[PDB]
Amino acid sequence: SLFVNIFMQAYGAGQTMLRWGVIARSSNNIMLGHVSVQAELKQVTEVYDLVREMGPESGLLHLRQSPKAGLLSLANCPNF
Amino acid sequence: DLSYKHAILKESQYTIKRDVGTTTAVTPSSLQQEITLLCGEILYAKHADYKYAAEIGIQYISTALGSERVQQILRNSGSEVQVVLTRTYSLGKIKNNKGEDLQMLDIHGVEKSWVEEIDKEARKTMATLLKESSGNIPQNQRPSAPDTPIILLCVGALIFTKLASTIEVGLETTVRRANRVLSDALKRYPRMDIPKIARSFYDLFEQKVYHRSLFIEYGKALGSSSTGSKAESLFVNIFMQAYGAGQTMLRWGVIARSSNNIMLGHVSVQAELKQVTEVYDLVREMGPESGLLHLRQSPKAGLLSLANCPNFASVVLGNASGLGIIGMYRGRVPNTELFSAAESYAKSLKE
Amino acid sequence: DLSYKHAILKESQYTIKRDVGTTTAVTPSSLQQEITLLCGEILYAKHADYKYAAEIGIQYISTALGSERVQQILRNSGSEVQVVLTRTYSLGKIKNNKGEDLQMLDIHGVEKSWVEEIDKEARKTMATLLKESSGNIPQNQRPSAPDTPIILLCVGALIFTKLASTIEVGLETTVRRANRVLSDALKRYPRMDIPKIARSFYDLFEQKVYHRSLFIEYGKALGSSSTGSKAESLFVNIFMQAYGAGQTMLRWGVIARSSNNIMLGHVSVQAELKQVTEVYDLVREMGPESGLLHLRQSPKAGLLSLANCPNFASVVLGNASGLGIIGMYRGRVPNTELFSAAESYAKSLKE
Amino acid sequence: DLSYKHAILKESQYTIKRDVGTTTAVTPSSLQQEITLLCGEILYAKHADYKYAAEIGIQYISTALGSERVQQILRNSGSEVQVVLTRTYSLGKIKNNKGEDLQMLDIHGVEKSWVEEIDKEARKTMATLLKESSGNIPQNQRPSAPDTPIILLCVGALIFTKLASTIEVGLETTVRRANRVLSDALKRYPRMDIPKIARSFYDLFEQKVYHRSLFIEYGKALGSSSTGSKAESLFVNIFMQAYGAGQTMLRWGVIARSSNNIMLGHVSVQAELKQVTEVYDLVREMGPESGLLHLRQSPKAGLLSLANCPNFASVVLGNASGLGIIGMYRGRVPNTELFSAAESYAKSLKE
Amino acid sequence: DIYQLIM
Amino acid sequence: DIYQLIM
RNA sequence: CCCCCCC
RNA sequence: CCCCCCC
RNA sequence: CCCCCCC
RNA sequence: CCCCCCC
């Protein structure tokens, strides 16, 4: 049970910005409404749509060291 | 009319034959190790001539895909180039450390003297470096590292991202971006001449257009793999950065719609949104291969042009300029007044 | 009308291109050490020629900001000057203490002979000083001190504070204030020719107006830093002292309002308080960049002029004169009677 | 009724075509240096003929804005003039100091003989001056100074400020104000014939009305620049001084309201304040471009006329006369009694 | 010697 | 001995 | 004709 | 290029 | 018809 | 035209 607990703690590894962006939405940060971020929420939503499309295996992409990992990068939305 | 033109060009019963009498070189996958060394020997020495570095990168792509599969790829690109197979030949009386004859690659179209001089210069450079320091050369600073072909191909992919630009802008961009992106490689290999390798790759992509297709297949074959190295992930990242090349006005128009530029509502643009929508419908009809149209240098490219909607183009360029993302883009602005008004509104919105 | 004029000048869709065929010099940040030495060698020797000292200070600013970022700054100032990059060159057969070739800076537009003579005179001066006293030269009296470029730039900032004045008044003010403010530096470096360095900086700010912008960016980049030296704090202090330059009548009118000069209530001034308020509204509309309008030599400057309200100007100058703060200000007093009455009231109030 | 007339004139679906068969000259920006020299050679010699000096100033404006952008400007002003491009031609067997053929400008509509005689007279004058004194000619006294086109255009802007006046008053004002404002230039260039250059500019603004628009764009393009020279700031200052030209009664009525002239309360004026307010509402509706209506010589100008309110006009002129600001203004005073009473009250208030 | 002046 | 000063 | 920025 | 915290 | 001063 | 002092 301890092994499985740590193994789940390893899940979203390499994608902490997605989790932290979900937090920032749940935190109702008003600066998300700044126009510079507003110009990028469409591609942000595309990244999260990609996570939904990949499904449960998207969390293991960096743990597996999949070349496909990096499509889940929010690095092209600097203001968000 | 645009859908009709696309249906005219697409629905053709006759294929075109080109490069009928020509030949090109590939390397069998079983020589991957032997090509890897070569791809690492262009990297760690300072060479007078970097003419065939892009060819060696293509040879590595051939070993990674397979000679027969590469022949199939070049046939499907629409070229009749006759693949020739790389042959290992003994240098001569020279012998290696194992007591066997030193076998070197013989690539078609590459003078053997170039390969000999690259190998000799690399060997001399490593001899000097070991004379300076003893036992200070780890695996990652050696030419035999498995990722050196990927480093060469990453310089090639950097020059690939700028294939719709000019040679000067592409070279400057490749050097500037390679100083940052390929920084670990430049630390491991402090004397790889990125400008000369980039010029070699630009040349190769000019004369041998079908190799562009080969390059693309590598990316497709490389992003479909379950695992890979860090250098391969970097290659795929740059290869995706090359995607919408030659069609930045479509992306910038999507931006101008997402920016809610009020000058899109000007009646002159409103008279053109129907053909703008037809262009985007054409993109949807073409599908995922529409982004590679300019990279492949498809004749079909140019149906994706918004140049017949000058006011929409002016408003899109003005919105991009106001947001500050226009950079040094050299697209022409037909309507100056719409450009100015759109830029003023976009600056006001951004502030 | 004044808001309308500001909206006319501000809302322009066309930028102006100047200095298209010209070039200017920058130094890559990696040569900061090498420029620091030079900025310290103009300081501790007596030189026949101080022509390019301001250029060396700008070179240090370039190293502190970055060559590409400095090119971006000069582009955004509205100039097409083509940045040129400083190159280290070996002097010749001369060798340094480390056994390597003595590398010296090669700056564009600066004759190498000037750099050679500055370096040679500085070396001769230190040789003489060590001949006089042995082991008596600490780090703070050496040219290689990290703050010597900042000392040079502080003399430059002193001349920058007086850029709306004349050359004679600016030079006198710079010498007088540098005898006090840069006193620790003048003790460390007893033979830096402040008048000649100040004249060099005044020249540089005359020919190369875009460098003013660069100077300003340095201040902006320097006051935003978490830490710094004492010399950098001094530079920022003088740079803020330069803020409202060319607009002392606005500050003095705010004073005359805070002084409750009863002659502000004279009907002739009362007929002008509406346009006075429009001028201050324009300052509020422009915002924090309104103070740098005359330092940048913006054509937009002059919209902030109160010269069309002669009676308010006379009352403001009279109130300033009564309080004794008018000094030797040479602004013209249109209404002499209002000036006299305002000065009498302000003297009575101060006593 | 006035808003209805403005809506009638403004909301027109048909544009007017003029100057269809005509042509005008521009100079590509790449010849800016070559035009600068010419703009400096009209300045430092005494010429028998100054016919085309204003044309050379417009050529400099064209180089500063761009030939294609100037064509767009002239099209948007409502003129079908066909831009012609300046061509550099070799003089002949004559060679310059560099050993190349002496290239001189060829401007459309300007006889080449005029350019040859201007250049020859300037060369002869400088030869004589160097014969008198050796090595006594700094850069600022040479025709190749970058600001000489701006000096020529500042004389042009002085004549531009008086375009709603007559030719005699405009010439006298230009000479009188240029003796003071362009004093540094007159010290550098002691033999520029300001009356003849001003007459040339007045002519140019008479025949080629569209060039007025071009002139205005230059000001707009020049006040929007981040940096500039002192001469450019002077040009923009005079260009703003030209703003409300042809509408001094509106400004003087705003003054008479700010002067609290009690005769504004006379019932005859009170019967007209409603249409006066409509005129000022029209100014607000037109916006920042309302000030340039008479400078552009817009047919729409004249809707801003207060000539149908004779008693308000009389009271405004009387208030201006009492304050002493009426000067030699030649506007007609319909009501003499209201004028006298307003002038008496304004004098009493000012005293 | 009139056409080689520096200007 | 002028070019080897420490500075 | 098209294309042209940045990452 | 990506990535980078804590549990 | 308009416009018209000064800076 | 503007600007102009002192720190």
# chains A, B, ... in the order shown; residues from 1 in each chain; ligands from 1
>>> interface_residues(of="chain H", to="chain A", cutoff="8 Å", atoms="only C-alpha atoms (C1' of nucleotides)", output="PyMOL selection string")
chain H and resi 2-4+7
>>> write_last_selection(atoms="C-alpha atoms (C1' of nucleotides)", output="PDB file, in the first residue's frame")
ATOM      1  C1'   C H   2      11.285  20.203 -22.300  1.00  0.00           C
ATOM      2  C1'   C H   3      11.601  19.807 -17.154  1.00  0.00           C
ATOM      3  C1'   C H   4      12.429  21.663 -12.204  1.00  0.00           C
ATOM      4  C1'   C H   7       3.474  15.507   0.381  1.00  0.00           C
TER       5        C H   7
END
>>> interface_residues(of="chain A", to="chain B", cutoff="12 Å", atoms="only C-alpha atoms", output="PyMOL selection string")
chain A and resi 33-43+60-73+75-76
>>> closest_residue(among="B:57, B:302, B:310, B:149", to="chain G", atoms="only C-alpha atoms (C1' of nucleotides)")
B:302
>>> interface_residues(of="chain E", to="chain D", cutoff="7 Å", atoms="only C-alpha atoms", output="ChimeraX atom specification")
/E:2-4,7
>>> closest_residue(among="D:311, D:158, D:199, D:303", to="chain J", atoms="only C-alpha atoms (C1' of nucleotides)")
D:158
>>> select_by_dssp(residues="segment 32-223 of chain C", states="strand (DSSP E)", output="number ranges by chain")
C: 82-85, 87-95, 101-106
>>> select_by_dssp(residues="segment 189-341 of chain D", states="helix (DSSP H, G or I)", output="number ranges by chain")
D: 194-207, 209-223, 230-241, 248-258, 262-265, 267-270, 273-292, 310-323, 336-341
>>> residues_around(residues="segment 334-340 of chain C", least_positions_apart="6", cutoff="9 Å", atoms="only C-alpha atoms (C1' of nucleotides)", output="list in words")
residues 263, 266, 310, 311, 312, 313, 314, 315, 316, 317, 318, 319 and 321 of chain C
>>> interface_residues(of="chain C", to="chain B", cutoff="8 Å", atoms="only C-alpha atoms", output="PyMOL selection string")
chain C and resi 11-14
>>> atom_distance(atom1="atom CA of residue 59 of chain A", atom2="atom CA of residue 26 of chain A")
20.3 Å
>>> closest_residue(among="C:101, C:270, C:244, C:214", to="residue 69 of chain C", atoms="only C-alpha atoms")
C:214
>>> interface_residues(of="chain B", to="chain G", cutoff="9 Å", atoms="only C-alpha atoms (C1' of nucleotides)", output="list in words")
residues 164, 165, 166, 177, 241, 246, 247, 248, 294, 301, 302, 305, 307, 325, 326, 327, 328, 329, 330 and 331 of chain B
>>> write_last_selection(atoms="C-alpha atoms", output="PDB file, in the first residue's frame")
ATOM      1  CA  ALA B 164       9.969  29.916 -45.768  1.00  0.00           C
ATOM      2  CA  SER B 165      12.331  32.778 -44.883  1.00  0.00           C
ATOM      3  CA  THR B 166      15.512  33.847 -46.667  1.00  0.00           C
ATOM      4  CA  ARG B 177      18.654  29.894 -31.308  1.00  0.00           C
ATOM      5  CA  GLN B 241       8.071  24.653 -34.096  1.00  0.00           C
ATOM      6  CA  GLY B 246       4.847  29.968 -44.493  1.00  0.00           C
ATOM      7  CA  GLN B 247       1.338  30.583 -43.117  1.00  0.00           C
ATOM      8  CA  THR B 248       1.858  33.067 -40.287  1.00  0.00           C
ATOM      9  CA  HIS B 294       5.310  25.180 -47.457  1.00  0.00           C
ATOM     10  CA  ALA B 301       0.651  25.852 -51.294  1.00  0.00           C
ATOM     11  CA  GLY B 302      -0.581  29.311 -52.194  1.00  0.00           C
ATOM     12  CA  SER B 305      -2.877  32.653 -49.246  1.00  0.00           C
ATOM     13  CA  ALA B 307      -3.293  37.979 -50.254  1.00  0.00           C
ATOM     14  CA  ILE B 325       4.222  40.421 -31.908  1.00  0.00           C
ATOM     15  CA  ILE B 326       4.753  41.610 -35.481  1.00  0.00           C
ATOM     16  CA  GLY B 327       8.510  41.748 -34.906  1.00  0.00           C
ATOM     17  CA  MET B 328      10.383  42.271 -38.167  1.00  0.00           C
ATOM     18  CA  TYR B 329       7.796  40.482 -40.312  1.00  0.00           C
ATOM     19  CA  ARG B 330       8.080  41.836 -43.851  1.00  0.00           C
ATOM     20  CA  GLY B 331       4.570  41.139 -45.123  1.00  0.00           C
TER      21      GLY B 331
END
>>> atom_distance(atom1="atom CA of residue 192 of chain C", atom2="atom CA of residue 44 of chain C")
5.8 Å
>>> atom_distance(atom1="atom CA of residue 77 of chain A", atom2="atom CA of residue 221 of chain B")
27.3 Å
>>> residues_around(residues="residue 275 of chain D", least_positions_apart="2", cutoff="9 Å", atoms="only C-alpha atoms (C1' of nucleotides)", output="list in words")
residues 2, 271, 272, 273, 277, 278, 279, 280, 306, 308 and 309 of chain D
>>> write_last_selection(atoms="N, CA, C and O atoms", output="mmCIF file, in the first residue's frame")
data_model
loop_
_atom_site.group_PDB
_atom_site.id
_atom_site.type_symbol
_atom_site.label_atom_id
_atom_site.label_comp_id
_atom_site.auth_asym_id
_atom_site.auth_seq_id
_atom_site.Cartn_x
_atom_site.Cartn_y
_atom_site.Cartn_z
ATOM 1 N N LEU D 2 -26.879 73.559 -38.189
ATOM 2 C CA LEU D 2 -25.455 73.411 -38.475
ATOM 3 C C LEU D 2 -25.021 71.957 -38.400
ATOM 4 O O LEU D 2 -24.213 71.501 -39.216
ATOM 5 N N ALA D 271 -29.379 86.284 -27.606
ATOM 6 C CA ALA D 271 -30.171 85.677 -28.664
ATOM 7 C C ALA D 271 -29.341 84.826 -29.614
ATOM 8 O O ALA D 271 -29.919 84.122 -30.447
ATOM 9 N N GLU D 272 -28.013 84.879 -29.518
ATOM 10 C CA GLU D 272 -27.130 84.164 -30.423
ATOM 11 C C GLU D 272 -26.267 83.116 -29.746
ATOM 12 O O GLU D 272 -25.615 82.336 -30.452
ATOM 13 N N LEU D 273 -26.206 83.097 -28.412
ATOM 14 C CA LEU D 273 -25.386 82.080 -27.752
ATOM 15 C C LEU D 273 -25.789 80.660 -28.126
ATOM 16 O O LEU D 273 -24.952 79.757 -28.063
ATOM 17 N N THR D 277 -22.999 78.176 -29.405
ATOM 18 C CA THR D 277 -22.811 76.860 -28.818
ATOM 19 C C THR D 277 -22.894 75.772 -29.874
ATOM 20 O O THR D 277 -22.180 74.774 -29.782
ATOM 21 N N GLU D 278 -23.751 75.941 -30.883
ATOM 22 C CA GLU D 278 -23.773 74.962 -31.966
ATOM 23 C C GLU D 278 -22.461 74.947 -32.739
ATOM 24 O O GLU D 278 -21.992 73.881 -33.149
ATOM 25 N N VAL D 279 -21.854 76.112 -32.955
ATOM 26 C CA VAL D 279 -20.564 76.149 -33.643
ATOM 27 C C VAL D 279 -19.501 75.416 -32.828
ATOM 28 O O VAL D 279 -18.712 74.624 -33.363
ATOM 29 N N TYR D 280 -19.462 75.664 -31.521
ATOM 30 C CA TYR D 280 -18.476 74.968 -30.696
ATOM 31 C C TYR D 280 -18.776 73.473 -30.588
ATOM 32 O O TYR D 280 -17.849 72.655 -30.514
ATOM 33 N N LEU D 306 -18.400 81.969 -37.346
ATOM 34 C CA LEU D 306 -19.313 82.691 -36.467
ATOM 35 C C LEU D 306 -19.817 83.981 -37.098
ATOM 36 O O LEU D 306 -20.209 84.908 -36.387
ATOM 37 N N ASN D 308 -22.482 84.594 -38.801
ATOM 38 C CA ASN D 308 -23.921 84.795 -38.730
ATOM 39 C C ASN D 308 -24.382 85.225 -37.345
ATOM 40 O O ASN D 308 -25.590 85.378 -37.128
ATOM 41 N N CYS D 309 -23.452 85.428 -36.412
ATOM 42 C CA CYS D 309 -23.739 85.958 -35.083
ATOM 43 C C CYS D 309 -22.991 87.282 -34.951
ATOM 44 O O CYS D 309 -21.957 87.360 -34.272
#
